[PDB]
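Chains as they are written, first to last, in my numbering: chain E, 2 to 52; chain W, 4 to 54. Yeah, the Cβ is synthetic: ideal placement off N, Cα and C, and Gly gets one too. Comments concern the structure below.
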Amino acid sequence: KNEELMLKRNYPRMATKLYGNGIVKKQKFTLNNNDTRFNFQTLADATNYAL
Amino acid sequence: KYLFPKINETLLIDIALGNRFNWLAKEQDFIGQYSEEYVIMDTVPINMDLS
Numbered sequence: 002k003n004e005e006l007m008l009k010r011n012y013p014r015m016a017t018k019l020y021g022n023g024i025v026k027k028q029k030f031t032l033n034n035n036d037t038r039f040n041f042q043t044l045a046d047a048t049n050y051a052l
Numbered sequence: 004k005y006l007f008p009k010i011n012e013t014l015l016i017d018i019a020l021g022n023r024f025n026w027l028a029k030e031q032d033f034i035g036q037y038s039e040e041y042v043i044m045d046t047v048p049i050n051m052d053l054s
C-alpha cells in the first residue's frame, strides 16, 4: 500500500435519536370520617375499605 | 391635653358551665348505622291435664 495510510484516521459514526419528556399523572381519593362509618359495623371492615 | 389615654387592665372574666347529665355519657366506637333493642315477651305457665 501507500504505507502512510497508517497515519490516516477512522472515526466511529454514531447514529443517534433524541427523546422528549414523559408526563406526570395524578389521581386522588377522598375518605371521610363520619358518614362512611354508617355502613361497615366493624372497624376492621372500615380499614379494609380504606385500604 | 396632649397625652394618650392609658388603659389600666383588661379582665376577661370567664367561668365554665357543666352538663347536669354527664353521668349518662356512655362511649361507643362509631361503627354501623342503626341499633335496635328488644325484650322477651312473657309466657305464663299452664296447668297440665295429663289426660
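Compute the distance between the beta-carbons of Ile34/W and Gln28/E, then report whether it is under 9 angstroms.
Within the second sequence, the letter at position 31 stands for residue 34/W. Within the first sequence, the letter at position 27 stands for residue 28/E. In this structure, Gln28/E does not lie closer than 9 angstroms to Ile34/W by Cβ.
According to DSSP, simplified to helix, strand and coil, what is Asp46/E?
Walking along the first sequence from the start, residue 46/E turns up at place 45. Here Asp46/E sits in helix by DSSP.
Partner residues on chain W for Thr43/E, Cβ-Cβ distance less than 9 angstroms
Residue 43/E sits at position 42 when you count from the first residue of the first sequence. Think of a sphere of 9 angstroms around the beta carbon of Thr43/E: the chain W residues whose beta carbon falls inside it are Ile34 and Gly35, in chain order.
Taking Cβ-Cβ distances shorter than 9 angstroms, what residues in chain W pair up with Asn49/E?
Within the first sequence, numbered from 1, the residue matching residue 49/E stands at position 48. The premise fails here: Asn49/E is roughly 13 angstroms from chain W at the closest Cβ pair, so nothing lies under 9 angstroms.
Would a check of beta-carbon distances place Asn33/E closer than 9 angstroms to chain W?
As a working note, residue 33/E is residue 32 in the first sequence. Interface with chain W (9 angstroms Cβ-Cβ cutoff): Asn33/E is excluded.
Are the stretch 14-25 of chain W and the stretch 11-23 of chain E touching by the rule of at least three beta carbon pairs closer than 8 angstroms?
Contact between the stretch 14-25 of chain W and the stretch 11-23 of chain E is absent: fewer than three C-beta pairs spanning the two stretches fall below 8 angstroms.
I'd like to know whether the C-beta atoms of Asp32/W and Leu32/E end up nearer to each other than 9 angstroms.
Counting from one through the second sequence, the residue named residue 32/W turns up at place 29. Counting from one through the first sequence, the residue named residue 32/E turns up at place 31. Their beta carbons are not under 9 angstroms apart, which means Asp32/W does not touch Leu32/E by this criterion.
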